[PDB]
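Per-chain numbering from 1; labels A, B, C, D, E, F, G, H and I assigned in written order.
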Amino acid sequence: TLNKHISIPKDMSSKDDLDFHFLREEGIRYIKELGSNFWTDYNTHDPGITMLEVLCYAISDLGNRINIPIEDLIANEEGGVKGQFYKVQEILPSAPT
Amino acid sequence: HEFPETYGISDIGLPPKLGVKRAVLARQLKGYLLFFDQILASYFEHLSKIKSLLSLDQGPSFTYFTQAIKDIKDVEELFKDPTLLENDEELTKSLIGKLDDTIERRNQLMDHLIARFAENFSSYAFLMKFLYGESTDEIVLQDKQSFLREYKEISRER
Amino acid sequence: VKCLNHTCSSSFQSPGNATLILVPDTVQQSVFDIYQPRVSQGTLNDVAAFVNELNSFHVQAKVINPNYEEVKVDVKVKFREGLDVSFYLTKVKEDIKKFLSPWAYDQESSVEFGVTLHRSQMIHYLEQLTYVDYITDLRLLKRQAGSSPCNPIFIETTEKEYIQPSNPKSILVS
Amino acid sequence: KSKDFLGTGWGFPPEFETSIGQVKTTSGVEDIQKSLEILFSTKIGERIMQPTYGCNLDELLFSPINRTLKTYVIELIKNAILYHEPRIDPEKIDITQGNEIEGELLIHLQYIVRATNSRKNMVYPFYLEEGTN
Amino acid sequence: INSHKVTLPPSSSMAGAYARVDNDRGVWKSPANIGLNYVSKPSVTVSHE
Amino acid sequence: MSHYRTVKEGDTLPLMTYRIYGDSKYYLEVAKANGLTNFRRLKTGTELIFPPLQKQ
Amino acid sequence: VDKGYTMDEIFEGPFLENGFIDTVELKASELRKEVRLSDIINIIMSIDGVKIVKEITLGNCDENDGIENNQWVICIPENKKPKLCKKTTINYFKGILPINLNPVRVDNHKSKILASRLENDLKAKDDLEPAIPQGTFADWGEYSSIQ
Amino acid sequence: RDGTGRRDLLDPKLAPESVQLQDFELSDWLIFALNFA
Amino acid sequence: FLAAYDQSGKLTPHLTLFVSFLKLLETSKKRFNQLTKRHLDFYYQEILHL
């Protein structure tokens, strides 16, 4: 119950919705498959590409909140779990027969 | 709010010397981008309702949700009827509307919660049709919610 | 498992008692007699002790073997077969026995129960890759079973293979 | 259809038409000219995962005009182009003061469009086999 | 209690800034485009319009 | 890399191939990539492409 | 083509303006000689939601249909097509309780199921031919003097 | 009645998967856009 | 429509972005729909301690 030293991992790669670079590459792959007849310039000054990067950033934010633990996601303003769960003191005991 | 000032869609606006046409084009872009924001706002809104969807006291009437977006300076002009931005429930009915098949979805949620206690309400599906017509769908969902609320005593004092 | 609410060995209407019937899996047929599966004394007694502690101060339950008894099918010849040998009537008989055996003892069977109407039996056969039709079928109890004494009850009166009794019956011949 | 490695893309101040449901696009030399307008309209830290994109010309506001300044201006412009616009070669940068009183500095950039494809040019049917660095 | 901060009119910071410019470049150099110390933000945001 | 030129009067296909590749022998591959049949007479407004050589 | 037929086979018979007809289906749709319970039962048991057929019987539709044989197989005269007699019926149950059906709802389901078949027969009328590669034209014999 | 047994012990609506909190497809978001426009 | 243009290279750019965005969101649906399991597990293992 002592404090531990805190650090951050260095392998920032997951190939999922929390991985910015992964999302960006998939975005471009989809664009070529669907619209390369008309949209071929994928340089960084392009408004199209700019919009893609903004959206990828927004997706990471959403994924990060989905991973918040249950204890907080279903918390009540006043604390407790009154409308969510029945407690052991209430749901496990049996009438005496 | 993630774009540069050059685009002209941020809080500080766009300098007057650049002319009206450029200001108009900025308005057109704001319109376009709302198609992406309204969807994202819905997903965030849906997280806020998990507590209600699985409540033992009383669930919600809707299963899909949306939000007004108000951190955009001209939304009062972009929308044909600003009234909806004053009430997320009206906005939900207008934007999602029928796509939300509430009767079937509400039953699936209730059946799951009931199953967690190893109980089963399948027979209401037809027994109630000897008492009521089309009105059984509302009646049955009300009864299932009552059952969960009263469960602590029901399963114990046998 | 089967619980019998008012059953005593001499009564089906006695209050204050109960009988439980146990059926084993007997998957390892290398040992077990799969047409007479039985529970040993160890289990019959352990079950009774376990339950009697949880019932009520006033009630003891009894734990028994099912003492199985059952009727068996005969039918019109199949209108088709893969071959006289490959889908011999004997092969069909073996398949029929397995389908019923799965109720009596653990085995695989698509049908919900052996104790069913001919409609279920017909579907089970129709599903075969080596069949086309059969004009008629029946499954009365073996009144003509000489080994078990004569005068045995038959199951002729249009029953959907109903068990002969609440207990001491199985309707799972094979 | 010889000049297909300069590419095609969205116009910078994107305009939406209603006579057809489309957003206007640019190509070739027109596309290059709008790229330059974008680059010199944005600051270095304004893009999210592109922390080094844009220019520092604002550093020179509210300063006197002399030889040292002019040398510094030229350096800033040339480096921004070398890093961010692969399709051109600068030809001449002319820096002059047209107003005795008004605080104005006038910069005229002249450039040449390349006839051969650069290794930094991300245009779809080319970079796949030609974009080494 | 200590989370609450002080808000001030800008004139005293400008007098400081004037001194810096006079020492670094001279009295003929404009005071504009100089950063302020100990400032979190302007009280209000002023648009281009 | 890739290259484009415009045909001026006085140009021939094997002389232009020599100045771009260093060898005159690639003239039949340049003509096939441009769809030319009468390559011995070029018309003086045509824009041609010059593809790079394959590497492996 | 998706079915696996080739050109020689697809165009084997008369050309038909309304779409292609599959020879296998055509051979199969011959006038039936025999009807039997072992097939009818399988049809009913395979419908999703059906659990048990408790009673079933066939019979030549006739008058004074009193006590008669099961008719496990019914034979049909050599130039006739069999058809349901419209005096047929199915009693539906859940557990041990009988339930009642409404004619308008059934008619609507039947109509939708069959109407969707017409839509495909109509679509079949447009796609009746393969593509042929097309070239250009350019005076292939043009010649310039070696001088 | 035949009581119960091992093959009859599966509850079809206990497994969490039976509930899909979000079920829209690409085609539903496109309908959304047609109205929103 | 979606089938016809899948990998055709023929859509107008404003639809190209909208559809690519909708495809990227499929990974959010995958994560979001696992909440029902996490909820159940929490109740049986951390609230009831079983």
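The rule is short, and it goes like this: contacts are C-beta pairs under 8 Å (C-beta built on N, C-alpha and C of every residue); 3 or more make two chains touch, one makes a residue touch a chain.
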{"item": "Chains touching both chain B and chain H", "value": "I"}
{"item": "Nearest-to-centre chain - CA centroid comparison", "value": "I"}
{"item": "Which of D-F and D-E has more C-beta contact pairs", "value": "D-F"}
{"item": "Chain centre separation in whole Å, for chain I relative to chain B (CA means)", "value": "17"}
{"item": "Centroid distance [mean C-alpha coordinates] between chain I and chain F, Å", "value": "51"}
{"item": "For chain G paired with chain I, centre-to-centre distance based on mean C-alpha positions, whole Å", "value": "39"}
{"item": "Distance from chain H to chain C - Cα centre to Cα centre, in angstrom", "value": "37"}
{"item": "Chain I: positions in contact with at least two other chains", "value": "12-14, 18-19, 21, 23, 25, 28, 32, 35-36, 39-40"}
{"item": "Multi-chain contact residues (two or more partners), chain E", "value": "none"}
{"item": "Set of chain A residues in contact with two or more other chains", "value": "32, 36, 38-39, 48, 50, 54-55, 57, 62, 66, 74, 85, 91"}
{"item": "Complex contact set, residues of chain A against chain B", "value": "50, 54-55, 57-58, 62, 65-66, 73-74, 82-86, 90-91, 93-95"}
{"item": "Interface residues, chain G side, partner chain C - complex", "value": "36, 38-39, 41-42, 45, 52-54, 56, 70, 72-73"}
{"item": "Touch list for chain I against partner chain B, complex", "value": "14, 18, 21, 25, 28, 32, 35-36, 39-40"}
{"item": "Chain B contact footprint on chain D (complex, rising order)", "value": "13-16, 38, 41-43, 46-48"}
{"item": "Parts of chain B lying in touch with chain E, wherever the complex brings them together", "value": "11-16"}
